[PDB]
Structures are given as structure tokens and as C-alpha cells.
2 protein chains.
Amino acid sequence: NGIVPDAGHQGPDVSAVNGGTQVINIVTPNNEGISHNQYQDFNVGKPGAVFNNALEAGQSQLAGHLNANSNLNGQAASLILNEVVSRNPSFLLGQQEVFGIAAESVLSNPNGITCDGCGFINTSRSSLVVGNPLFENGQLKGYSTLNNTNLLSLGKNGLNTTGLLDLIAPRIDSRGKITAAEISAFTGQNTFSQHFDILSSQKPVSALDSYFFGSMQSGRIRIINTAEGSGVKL
Amino acid sequence: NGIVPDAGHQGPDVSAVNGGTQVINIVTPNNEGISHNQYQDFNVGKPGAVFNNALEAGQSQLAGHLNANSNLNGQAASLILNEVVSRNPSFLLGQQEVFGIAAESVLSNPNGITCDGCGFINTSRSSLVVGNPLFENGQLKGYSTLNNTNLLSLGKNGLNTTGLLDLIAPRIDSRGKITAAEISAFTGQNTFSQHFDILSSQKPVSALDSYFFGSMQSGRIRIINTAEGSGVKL
């Protein structure tokens, strides 16, 4: 019951299979290939969660055999955007698998996101955004952490993916091992493009301090902090 | 007596002024604008060190009034390359000032470099390279940390510059605050271009582990580790 879809048109179909693993039949992608899913609650437990991005039936790693997602209407998502629209923060304690066609995934929760032993399977790029998506005329324009002071926390059990990883938040507190092909962390109060180009920045009213502890197992690490004066402690 | 030039044609003229600050009349730049200085010993104390890159007399921050460097013959260096050619490691405990025309600076010491309260003045880019420069047909081609396991250490008193900073070593151990406009750290056993593009990498015989502790006060931080398996601990 960790994932609860919004009641409206962008709420995906969510169920649980054997062992408590959640299966999310994501909503129909738009013409850009974005499946924009809205949630009252987005949390992943140790049983994990599977996003059905499949055009044909097959075997998922975490939830066994699955049919194609009938919501897709013949075109898989290129980006699975998971947006929390309530005030509830997110806790990610297990793996998120894209079943079917590999895609990018974004979780946007302006109330906070905590990872502790979370991970991503069959995702080319996985982004955690303590912030909101920006839309113009029905198209995704980017993301915003403006006027937000909440935290992206990574716990002692770390985060693992074989793909790229983006960490976007007013501040980040990491205490475990982050394993990814590349790690990109952007801190401070910013607006971003869809590809996480920083488009604008603002000086926070108080200090927004980011703490990385633990370790980073990745060949390429980039940390960009725009909070003038605020630093990153190591 | 911390800086001792090589006796040959690339040894600069080194003296000390009031308070022990060293003044280095760097050697004539080549046609690329590289002043290639070779040293038996390169160490900077709390009184600091001034590199005379001036075409006219004026006031240095650390050593008072100085004449133009007669070695320049009317053209200032674009890059001041300081190469230790002995087996002696380097200790940097004070500020390095470029007097006159701002330039880039590189210290290359394959035996190890330790910074503790060091810094750079009037330098657009400052690089510390635990490795050797590579030359072909008399021209600088890049740098190499191949077959080297030595350490770039940054102590509790940190490192400060208002320009760009490059840290290049088989492994890095940092325990203090690094302040720079941008920080770029490349670890592992690699060959580099003159602009620190990684051109090749090799797997070390044993693990080369890099430890950043302390903090990084910079808007842009990049860490690239090519030692497959070796990570960066935070």
C-alpha cells in the first residue's frame, strides 16, 4: 500500500502480487513519450515495485510473468515521470524495475525523498527530485526546487543502479554507498530544464547545507551547488 | 630554501626576500607560452612564494616591489609548469602568487604532493599533478599518472584559490576545506592531454582508494575515478 495513485486521469493502476511487490500499470504516454503518473503516496518497500512499460507479455525480475500494459496503446514510455501531488514524503527501501522497454524514470516529491537500500533496474537514467515538475501548455518544461528547503536523504544501505543517476534537491544528506554509472547532484534552489540544465537559481533565506558521507562507487561524479556560501561537507 | 632549482637550462632563478618569501624568476617561455621550470626541491612555506611573470616593475602581494623578470624577453608565460625531477615529494604550506600577468600554473611531482593551508593568487587555473609531464618533440603533450601509486594529500588547513583547481593523482586524501571556483579531481592511473582530458587508463596492481573528508566550497565539483572497483569515500 506504499504507492497510492491519484484519483484523476493521471493516476496509474496499482496492485500487489506475490510477496507484496507493487505493480504499476503506468498511464498512457503523451506524444513526447512521457508517461506522467500522479500519486497521493509513493513509497517502495523491500519487495520492490515494477513499472509495466511492456508492449508484449514476459517475465519481470520482481513480479513474475506480466501481460503487456494495456494503457500503452502500442507505444512504450520514454520517460516515466512519477509525481507526488500531496504533502506526503517518499521512502524508497527497495528496487524499482522497469518491465519491458527500458526507460528513464523521475520521482518528483517536493516534500522530501528518502532512499535506504533503494535501487533501479532496467532504467537508463533515474532521477530523484525534491521539487516539482514544470509544465507549459501541456508539455513538460523542467523542474523547480525554488522556495523549497526539504531534504533528499540517502541512508546507510545506499542506492544502486547500473544506469545514470540524478539527485536534485534543496539539500542532500547521504550516509551510504551510491553506486551508479554516473552521479549528478544539483543542490540549492533552482529551476531546471528537462535534462537538468540549471536555468535559474535563487539565494535561500537561510543556509541549505548538503552532507555527503559514505562513499560513491561511480566513474563520474558531479556536484553543483548554487546556494552561494553553502558548501558540501565530506 | 624550500624551492631548489635544477642546475640545468630549465632551472629558474630562486631567491628569498624579507620574511623568507621565495621569489622565482621563471625561465623564458617557449613559443607556446609555457615556462617549463625544473626543480630538485619544490616546497612552499608559510611565507609563500612569488613567481615573477611581470613585463614591468610593480608591487607583488607577498614580496613587495619587484622588477620585471628579465628572463621573459618581452613575453609573459601563459602556463607556468613547475616540474620536480628528483625523488623528493612536495609540501605546500603557504600561498603561491603569480606576479604580473595572470597565468595558469601546474606543479608536477610524481613522488607526492601535500597541501596544508596552501593557496594560489592571480592564477586562472592551478593544477597539482602527482605524475609526470609528457613531452614530444619539445612540446608539452600532457601528463601521466601511469605506474604511480603515490598520494596527493590535502591537510586540515585546506586549499584556497579564486580560480579553477585541478587535482590529479593516483589517489587523493583530503581532510580540509577546498575553496575554488571549480574543482576537478581525476584519480587512478591515467594519461592526460594538456587540458586534462583523460586519454587512457590502466588497472592498478592493487587498489588505489581516494578519501575526501572535510568540505568543498565550490559551485562545480567533478570527480573522475578510473581505477575500476576503487571508489571515493566521503
# chains A, B, ... in the order shown; residues from 1 in each chain; ligands from 1
>>> closest_atom_pairs(of="chain B", to="chain A", cutoff="10 Å", atoms="only C-alpha atoms", output="Markdown table")
| residue | atom | partner | partner_atom | distance |
| --- | --- | --- | --- | --- |
| B:174 | CA | A:234 | CA | 9.2 |
| B:175 | CA | A:234 | CA | 8.6 |
| B:176 | CA | A:234 | CA | 9.1 |
| B:177 | CA | A:233 | CA | 8.5 |
| B:179 | CA | A:231 | CA | 9.5 |
| B:182 | CA | A:224 | CA | 9.6 |
| B:183 | CA | A:223 | CA | 9.8 |
| B:184 | CA | A:222 | CA | 9.2 |
| B:185 | CA | A:221 | CA | 9.7 |
| B:186 | CA | A:220 | CA | 9.5 |
| B:187 | CA | A:219 | CA | 9.6 |
| B:211 | CA | A:215 | CA | 9.0 |
| B:212 | CA | A:234 | CA | 6.1 |
| B:213 | CA | A:234 | CA | 4.5 |
| B:214 | CA | A:234 | CA | 5.0 |
| B:215 | CA | A:233 | CA | 4.0 |
| B:216 | CA | A:232 | CA | 5.4 |
| B:217 | CA | A:231 | CA | 4.8 |
| B:218 | CA | A:231 | CA | 6.9 |
| B:219 | CA | A:225 | CA | 5.0 |
| B:220 | CA | A:224 | CA | 4.7 |
| B:221 | CA | A:223 | CA | 5.0 |
| B:222 | CA | A:222 | CA | 4.4 |
| B:223 | CA | A:221 | CA | 5.0 |
| B:224 | CA | A:220 | CA | 4.7 |
| B:225 | CA | A:219 | CA | 5.0 |
| B:226 | CA | A:219 | CA | 6.0 |
| B:227 | CA | A:219 | CA | 8.3 |
| B:228 | CA | A:219 | CA | 7.9 |
| B:229 | CA | A:217 | CA | 7.6 |
| B:230 | CA | A:217 | CA | 7.5 |
| B:231 | CA | A:217 | CA | 4.8 |
| B:232 | CA | A:216 | CA | 5.4 |
| B:233 | CA | A:215 | CA | 4.0 |
| B:234 | CA | A:213 | CA | 4.5 |
>>> residues_around(residues="residue 11 (chain B)", least_positions_apart="4", cutoff="6 Å", atoms="only C-alpha atoms", output="PyMOL selection string")
chain B and resi 5-7+37-38
>>> write_last_selection(atoms="N, CA and C atoms", output="mmCIF file, in the first residue's frame")
data_model
loop_
_atom_site.group_PDB
_atom_site.id
_atom_site.type_symbol
_atom_site.label_atom_id
_atom_site.label_comp_id
_atom_site.auth_asym_id
_atom_site.auth_seq_id
_atom_site.Cartn_x
_atom_site.Cartn_y
_atom_site.Cartn_z
ATOM 1 N N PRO B 5 66.149 25.052 -7.551
ATOM 2 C CA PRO B 5 66.053 24.809 -8.991
ATOM 3 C C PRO B 5 67.034 23.748 -9.453
ATOM 4 N N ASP B 6 66.681 23.110 -10.564
ATOM 5 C CA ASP B 6 67.620 22.236 -11.244
ATOM 6 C C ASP B 6 68.799 23.057 -11.752
ATOM 7 N N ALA B 7 69.965 22.415 -11.832
ATOM 8 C CA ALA B 7 71.169 23.137 -12.234
ATOM 9 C C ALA B 7 71.187 23.448 -13.723
ATOM 10 N N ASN B 37 59.781 24.955 -15.823
ATOM 11 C CA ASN B 37 60.761 25.109 -14.755
ATOM 12 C C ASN B 37 60.999 23.763 -14.100
ATOM 13 N N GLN B 38 62.262 23.397 -13.921
ATOM 14 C CA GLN B 38 62.610 22.119 -13.316
ATOM 15 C C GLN B 38 63.287 22.354 -11.979
#
>>> closest_residue(among="B:61, B:88, B:126, B:40", to="residue 100 (chain B)", atoms="only C-alpha atoms")
B:61
>>> residues_around(residues="residue 193 (chain B)", least_positions_apart="2", cutoff="7 Å", atoms="only C-alpha atoms", output="PyMOL selection string")
chain B and resi 141-143+195-199
>>> residues_around(residues="residue 43 (chain A)", least_positions_apart="4", cutoff="9 Å", atoms="only C-alpha atoms", output="list in words")
residues 1, 2, 3, 4, 89, 90, 91, 92 and 93 of chain A
>>> select_by_dssp(residues="region 17-154 of chain B", states="strand (DSSP E)", output="VMD selection string")
chain B and resid 22 to 25 34 to 41 49 to 53 58 to 60 64 to 66 79 to 84 90 to 92 95 to 100 103 to 108 113 to 115 118 to 121 123 to 129 132 to 136 139 to 144 151 to 154
>>> residues_around(residues="residue 106 (chain B)", least_positions_apart="3", cutoff="7 Å", atoms="only C-alpha atoms", output="list in words")
residues 80, 81, 82, 126, 127 and 128 of chain B
>>> decode(residues="region 29-60 of chain A", atoms="N, CA and C atoms", output="PDB file, in the first residue's frame")
ATOM      1  N   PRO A  29       1.490   7.154 -22.335  1.00  0.00           N
ATOM      2  CA  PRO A  29       2.429   8.253 -22.616  1.00  0.00           C
ATOM      3  C   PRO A  29       1.809   9.276 -23.554  1.00  0.00           C
ATOM      4  N   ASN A  30       2.273  10.519 -23.437  1.00  0.00           N
ATOM      5  CA  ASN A  30       1.868  11.568 -24.366  1.00  0.00           C
ATOM      6  C   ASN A  30       2.724  11.459 -25.631  1.00  0.00           C
ATOM      7  N   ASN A  31       2.557  12.410 -26.556  1.00  0.00           N
ATOM      8  CA  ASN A  31       3.262  12.326 -27.831  1.00  0.00           C
ATOM      9  C   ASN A  31       4.774  12.477 -27.693  1.00  0.00           C
ATOM     10  N   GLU A  32       5.255  13.120 -26.628  1.00  0.00           N
ATOM     11  CA  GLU A  32       6.685  13.168 -26.333  1.00  0.00           C
ATOM     12  C   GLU A  32       7.211  11.859 -25.762  1.00  0.00           C
ATOM     13  N   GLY A  33       6.328  10.923 -25.434  1.00  0.00           N
ATOM     14  CA  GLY A  33       6.751   9.687 -24.816  1.00  0.00           C
ATOM     15  C   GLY A  33       6.820   9.732 -23.309  1.00  0.00           C
ATOM     16  N   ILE A  34       6.256  10.762 -22.683  1.00  0.00           N
ATOM     17  CA  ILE A  34       6.263  10.892 -21.228  1.00  0.00           C
ATOM     18  C   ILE A  34       4.997  10.263 -20.672  1.00  0.00           C
ATOM     19  N   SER A  35       5.166   9.286 -19.786  1.00  0.00           N
ATOM     20  CA  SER A  35       4.056   8.760 -19.002  1.00  0.00           C
ATOM     21  C   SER A  35       4.066   9.540 -17.691  1.00  0.00           C
ATOM     22  N   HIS A  36       3.091  10.431 -17.526  1.00  0.00           N
ATOM     23  CA  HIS A  36       3.030  11.337 -16.383  1.00  0.00           C
ATOM     24  C   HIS A  36       2.063  10.763 -15.358  1.00  0.00           C
ATOM     25  N   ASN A  37       2.607  10.190 -14.287  1.00  0.00           N
ATOM     26  CA  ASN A  37       1.824   9.491 -13.276  1.00  0.00           C
ATOM     27  C   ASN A  37       1.767  10.334 -12.019  1.00  0.00           C
ATOM     28  N   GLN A  38       0.574  10.509 -11.465  1.00  0.00           N
ATOM     29  CA  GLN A  38       0.396  11.312 -10.264  1.00  0.00           C
ATOM     30  C   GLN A  38      -0.045  10.424  -9.116  1.00  0.00           C
ATOM     31  N   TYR A  39       0.475  10.714  -7.922  1.00  0.00           N
ATOM     32  CA  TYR A  39       0.285   9.871  -6.751  1.00  0.00           C
ATOM     33  C   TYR A  39      -0.072  10.685  -5.517  1.00  0.00           C
ATOM     34  N   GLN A  40      -0.959  10.124  -4.692  1.00  0.00           N
ATOM     35  CA  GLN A  40      -1.124  10.624  -3.329  1.00  0.00           C
ATOM     36  C   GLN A  40      -0.026  10.121  -2.406  1.00  0.00           C
ATOM     37  N   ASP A  41       0.512   8.932  -2.670  1.00  0.00           N
ATOM     38  CA  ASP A  41       1.598   8.361  -1.884  1.00  0.00           C
ATOM     39  C   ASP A  41       2.506   7.583  -2.824  1.00  0.00           C
ATOM     40  N   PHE A  42       3.821   7.759  -2.682  1.00  0.00           N
ATOM     41  CA  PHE A  42       4.787   6.984  -3.462  1.00  0.00           C
ATOM     42  C   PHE A  42       5.891   6.528  -2.515  1.00  0.00           C
ATOM     43  N   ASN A  43       5.848   5.244  -2.157  1.00  0.00           N
ATOM     44  CA  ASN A  43       6.835   4.612  -1.296  1.00  0.00           C
ATOM     45  C   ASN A  43       7.080   3.208  -1.816  1.00  0.00           C
ATOM     46  N   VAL A  44       8.323   2.749  -1.713  1.00  0.00           N
ATOM     47  CA  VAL A  44       8.717   1.424  -2.170  1.00  0.00           C
ATOM     48  C   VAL A  44       9.288   0.678  -0.971  1.00  0.00           C
ATOM     49  N   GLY A  45       8.799  -0.541  -0.736  1.00  0.00           N
ATOM     50  CA  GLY A  45       9.303  -1.369   0.340  1.00  0.00           C
ATOM     51  C   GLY A  45      10.349  -2.351  -0.153  1.00  0.00           C
ATOM     52  N   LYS A  46      10.821  -3.186   0.773  1.00  0.00           N
ATOM     53  CA  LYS A  46      11.776  -4.221   0.388  1.00  0.00           C
ATOM     54  C   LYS A  46      11.273  -5.123  -0.741  1.00  0.00           C
ATOM     55  N   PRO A  47       9.985  -5.483  -0.838  1.00  0.00           N
ATOM     56  CA  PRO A  47       9.533  -6.266  -2.001  1.00  0.00           C
ATOM     57  C   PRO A  47       9.703  -5.546  -3.335  1.00  0.00           C
ATOM     58  N   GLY A  48       9.949  -4.235  -3.335  1.00  0.00           N
ATOM     59  CA  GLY A  48      10.147  -3.512  -4.577  1.00  0.00           C
ATOM     60  C   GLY A  48       8.869  -3.144  -5.312  1.00  0.00           C
ATOM     61  N   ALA A  49       9.064  -2.579  -6.505  1.00  0.00           N
ATOM     62  CA  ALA A  49       7.965  -2.096  -7.329  1.00  0.00           C
ATOM     63  C   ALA A  49       8.347  -2.263  -8.795  1.00  0.00           C
ATOM     64  N   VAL A  50       7.386  -2.672  -9.614  1.00  0.00           N
ATOM     65  CA  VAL A  50       7.588  -2.887 -11.046  1.00  0.00           C
ATOM     66  C   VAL A  50       6.682  -1.939 -11.824  1.00  0.00           C
ATOM     67  N   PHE A  51       7.265  -1.166 -12.733  1.00  0.00           N
ATOM     68  CA  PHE A  51       6.516  -0.307 -13.641  1.00  0.00           C
ATOM     69  C   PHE A  51       6.372  -1.031 -14.974  1.00  0.00           C
ATOM     70  N   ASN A  52       5.127  -1.296 -15.379  1.00  0.00           N
ATOM     71  CA  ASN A  52       4.881  -2.076 -16.590  1.00  0.00           C
ATOM     72  C   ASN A  52       4.955  -1.145 -17.793  1.00  0.00           C
ATOM     73  N   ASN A  53       6.102  -1.192 -18.479  1.00  0.00           N
ATOM     74  CA  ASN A  53       6.356  -0.479 -19.725  1.00  0.00           C
ATOM     75  C   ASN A  53       6.479  -1.460 -20.885  1.00  0.00           C
ATOM     76  N   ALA A  54       5.681  -2.527 -20.878  1.00  0.00           N
ATOM     77  CA  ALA A  54       5.838  -3.603 -21.846  1.00  0.00           C
ATOM     78  C   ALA A  54       4.731  -3.567 -22.887  1.00  0.00           C
ATOM     79  N   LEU A  55       5.122  -3.803 -24.139  1.00  0.00           N
ATOM     80  CA  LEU A  55       4.198  -3.945 -25.253  1.00  0.00           C
ATOM     81  C   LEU A  55       3.851  -5.396 -25.534  1.00  0.00           C
ATOM     82  N   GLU A  56       4.553  -6.333 -24.908  1.00  0.00           N
ATOM     83  CA  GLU A  56       4.233  -7.745 -25.017  1.00  0.00           C
ATOM     84  C   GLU A  56       4.460  -8.396 -23.661  1.00  0.00           C
ATOM     85  N   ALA A  57       3.818  -9.536 -23.459  1.00  0.00           N
ATOM     86  CA  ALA A  57       3.946 -10.246 -22.198  1.00  0.00           C
ATOM     87  C   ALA A  57       5.363 -10.781 -22.017  1.00  0.00           C
ATOM     88  N   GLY A  58       5.743 -10.989 -20.765  1.00  0.00           N
ATOM     89  CA  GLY A  58       7.058 -11.526 -20.493  1.00  0.00           C
ATOM     90  C   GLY A  58       7.311 -11.626 -19.007  1.00  0.00           C
ATOM     91  N   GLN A  59       8.561 -11.923 -18.674  1.00  0.00           N
ATOM     92  CA  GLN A  59       8.954 -12.185 -17.299  1.00  0.00           C
ATOM     93  C   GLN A  59       9.618 -10.951 -16.706  1.00  0.00           C
ATOM     94  N   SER A  60       9.028 -10.420 -15.643  1.00  0.00           N
ATOM     95  CA  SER A  60       9.677  -9.375 -14.865  1.00  0.00           C
ATOM     96  C   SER A  60      10.587 -10.002 -13.816  1.00  0.00           C
TER      97      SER A  60
END
